[PDB]
Amino acid sequence: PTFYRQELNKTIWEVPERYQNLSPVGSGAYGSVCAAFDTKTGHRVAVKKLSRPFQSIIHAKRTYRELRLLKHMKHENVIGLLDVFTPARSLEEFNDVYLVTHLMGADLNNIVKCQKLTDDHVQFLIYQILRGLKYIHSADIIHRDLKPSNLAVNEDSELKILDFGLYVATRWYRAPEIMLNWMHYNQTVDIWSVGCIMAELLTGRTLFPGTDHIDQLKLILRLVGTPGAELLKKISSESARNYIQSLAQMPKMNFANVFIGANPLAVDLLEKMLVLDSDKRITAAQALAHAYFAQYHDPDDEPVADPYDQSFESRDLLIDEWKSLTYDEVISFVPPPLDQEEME
Ligand SMILES: Nc1nccc(-c2c(-c3ccc(F)cc3)ncn2C2CCNCC2)n1
Ligand SMILES: [Ca+2]
Ligand SMILES: [Ca+2]
Ligand SMILES: [Ca+2]
Ligand SMILES: [Ca+2]
Ligand SMILES: [Ca+2]
Ligand SMILES: [Cl-]
Ligand SMILES: [Cl-]
């Protein structure tokens with residue numbers, strides 16, 4: 001392919017002539033993103049240029065991690081790859097990596113902001129998040145920082161999870177076990193986040209808008225009640241445990257009185273998601289079977305992922321080894337068919 005250069009976001013992008021009309025649409029994880037027109041298929045795409053992908057072993061391994069992850073993800077509610085390219089003609093000059101996916105014009109904050117969503121619409125949005133999470137969780141991949149700005153949405157409210165498995169971030173949607181650095185956690189950290197997202201879609205208000213980690217924990221405990229001693233097991237820091245134990249005891253609120261006027265099935269699902277005990281939190285696959293999603297649920301169209309080999313995560317390799325491995329993954333990429341779906 002012939003490449004061309006264009007300055008975007010104050011830096012030179014070098015992309016195949018196939019991709020035209022590049023225009024910036026914001027930052028992504030470890031890179032920045034432009035919308036583009038794919039002249040081969042007439043489809044709109046998003047191209048992410050990774051920022052300094054091989055500057056250090058930290059960048060180099062995270063570049064490999066992201067490319068491996070995105071090459072594996074093949075689900076309608078999860079960001080995957082249409083293309084990956086580099087202007088380099090050999091490994092020796094390989095220093096830049098561009099990732100291509102279908103263009104999604106918005107994030108979930110653009111949906112929930114200037115509209116009173118209907119309950120049927122909220123169901124569809126949360127259903128899609130859970131379908132994507134069932135898939136990634138089935139490959140032992142967790143998001144850990146799921147939030148509206150990590151949900152890409154198009155003009156028809158079709159949604160994809162992004163930046164899973166990977167500047168001041170909001171902590172308002174993080175699972176308490178993550179926010180507070182608890183010793184053990186599981187895939188249901190992401191279900192807590194779904195509960196906070198869903199609550200906000202139903203009420204139009206952030207569920208736990210804490211000003212710091214302590215204020216956020218206090219807001220959480222006001223809703224769900226103070227935890228038992230069993231939960232202290234999870235917390236290494238004695239001062240943190242002593243603090244939580246020292247709090248005046250609070251009962252769990254009845255969610256029916258918090259989410260006044262919501263579909264009772266929505267309230268019931270929130271009660272199952274917003275539990276402090278992560279071993280008692282509903283899973284994505286269980287939530288998909290909940291009656292709240294009855295009109296959308298379809299067991300034939302809620303697939304799991306092929307096994308994903310993450311053995312590389314435990315390995316320390318040299319920068320040039322990560323770089324060569326990443327180059328191999330760029331070269332071996334097989335673009336998917338344009339049409340991968342059939343009528344049910
Ligand atoms: N507009 C749009 N459409 C699809 C994806 C993205 C995207 C990507 C991304 C990831 C992988 C890839 F291969 C290509 C792009 N990373 C962050 N974002 C956006 C997520 C919403 N806020 C703006 C940036 N942006
Ligand atoms: Ca990891
Ligand atoms: Ca169906
Ligand atoms: Ca088809
Ligand atoms: Ca379609
Ligand atoms: Ca069927
Ligand atoms: Cl967000
Ligand atoms: Cl701790």
Side-chain angles (χ1 to χ4, degrees), residues 25-30 33 41-43 74-80 82 102 104-110 114 117 120 122-135 142-153 156-164 166-176 178-179 189-213 216 219-220 273-274 285 287-304 335-344:
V25 296
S27 301
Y30 323 128
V33 182
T41 66
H43 284 57
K74 301 168 188 217
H75 188 284
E76 67 187 308
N77 297 121
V78 179
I79 294 288
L82 294 174
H102 317 75
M104 309 290 285
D107 69 32
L108 188 59
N109 287 323
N110 301 112
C114 283
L117 283 47
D120 292 303
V122 172
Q123 286 175 29
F124 181 50
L125 294 166
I126 302 306
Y127 174 79
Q128 292 178 89
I129 298 167
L130 293 164
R131 201 159 58 163
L133 287 177
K134 174 183 182 188
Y135 178 85
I142 307 166
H143 193 303
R144 302 183 177 82
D145 204 12
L146 190 64
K147 57 181 117 196
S149 59
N150 282 337
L151 299 164
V153 185
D156 289 325
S157 274
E158 301 178 333
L159 173 148
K160 303 180 182 174
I161 301 165
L162 55 95
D163 288 353
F164 45 92
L166 297 185
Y167 301 81
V168 186
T170 187
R171 279 101 162 134
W172 289 349
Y173 311 84
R174 287 187 181 167
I178 297 295
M179 187 210 338
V189 294
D190 294 333
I191 297 293
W192 180 271
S193 300
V194 176
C196 308
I197 291 160
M198 175 171 166
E200 187 169 339
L201 299 186
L202 291 170
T203 62
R205 44 178 208 64
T206 310
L207 182 55
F208 303 123
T211 59
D212 49 69
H213 82 296
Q216 185 162 335
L219 287 178
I220 291 171
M273 292 176 156
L274 294 169
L288 289 164
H290 192 280
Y292 189 52
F293 307 114
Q295 77 178 307
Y296 299 110
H297 181 47
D298 184 349
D300 286 346
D301 195 26
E302 300 163 359
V304 298
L338 196 51
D339 189 333
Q340 319 180 256
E341 295 166 274
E342 281 128 34
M343 220 63 113
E344 64 193 3

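Along the sequence shown, the residues carry numbers beginning at 1. Order of listing sets the numbers, starting from 1, for every ligand and every atom in it. Scope of the values below: all heavy atoms of this structure, side chains included, with no hydrogens, waters or symmetry mates.
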Report yes if the side chains of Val194 and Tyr173 come closer than 4.5 Å at any heavy-atom pair, otherwise no.
no
Listed protein N/O/S atoms, distance to the Ca ion (ligand 3) under 3.0 Å
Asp298 OD2, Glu344 OE1
Sequence neighbours excluded, which residues qualify as side chain to side chain contact (heavy atoms under 4.5 Å, CB included) partners of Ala152?
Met104, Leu162
Check ion pair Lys160-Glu76 (N to O, under 4.0 angstrom)
no
Crowding at NE2, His297 (>12 non-hydrogen neighbours, <6.0 Å)
yes
Under 3.5 Å, which donor-acceptor pairs link side chains of residues 336-344 to any protein atom two or more places apart or in another chain?
residue: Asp339; atom: OD1; partner: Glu341; partner atom: N; Å: 3.2

State, yes or no, whether a side-chain contact exists between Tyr135 and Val304 at a heavy-atom distance under 4.5 Å.
no
Checked the Ca ion (ligand 4): protein N, O or S atoms closer than 3.0 Å come out as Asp339 OD1, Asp339 OD2, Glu341 O
Ignoring hydrogens and geometry, is there a side-chain-to-backbone donor-acceptor pair from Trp172 to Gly210 under 3.5 Å?
yes
Quick one: does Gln216's side chain have a donor or acceptor within less than 3.5 Å of a partner on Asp212's backbone?
no
May I ask you to decide whether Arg174 forms a salt bridge with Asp145, counting only side-chain N to carboxylate O separations under 4.0 Å?
yes
